[PDB]
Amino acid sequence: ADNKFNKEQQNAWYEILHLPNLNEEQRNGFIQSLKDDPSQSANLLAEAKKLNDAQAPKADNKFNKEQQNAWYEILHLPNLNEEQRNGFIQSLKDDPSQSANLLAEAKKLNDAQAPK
């Protein structure tokens, strides 16, 4: 097993560190597994991302389809940090009737912060 993270493995670690929806038993597990065997970075990251996406907070039952679609899109936008994401989500919960404008604001920021 590798003694140090290369650039790829380092990036896998940082994403796993920041995946918002992992429970702490899961996050610890992935981080220690990556440290124990850095070569498994791709599989561990894929596994962690699957669990993260599946554990994104459930929409309120009172939401209509437009509101639910906005909710889940915001929750999965890849180019927001979690302060940004949670900000939009809290605003949506406070007033779901603003879900359209909030989604538009979130997507714009996501696209602006996108990588190459």
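Numbering starts at 1 and follows the sequence shown.
Higher mean CA temperature factor between 73-81 and 59-67: 59-67, per the PDB entry. When the mean C-alpha temperature factors of 97-105 and 11-19 are read from the deposited coordinates, 97-105 comes out higher. Among the modelled residues of its chain, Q113 has a C-alpha B-factor that falls in the middle third, as given in the PDB entry.
In the deposited entry, the Cα temperature factor of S41 places it in the middle third of its chain's modelled residues.
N86: CA B factor in the middle third of modelled residues in this chain (values from the PDB entry). In the deposited entry, the Cα temperature factor of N28 sits in the bottom third of values across the chain's modelled residues.
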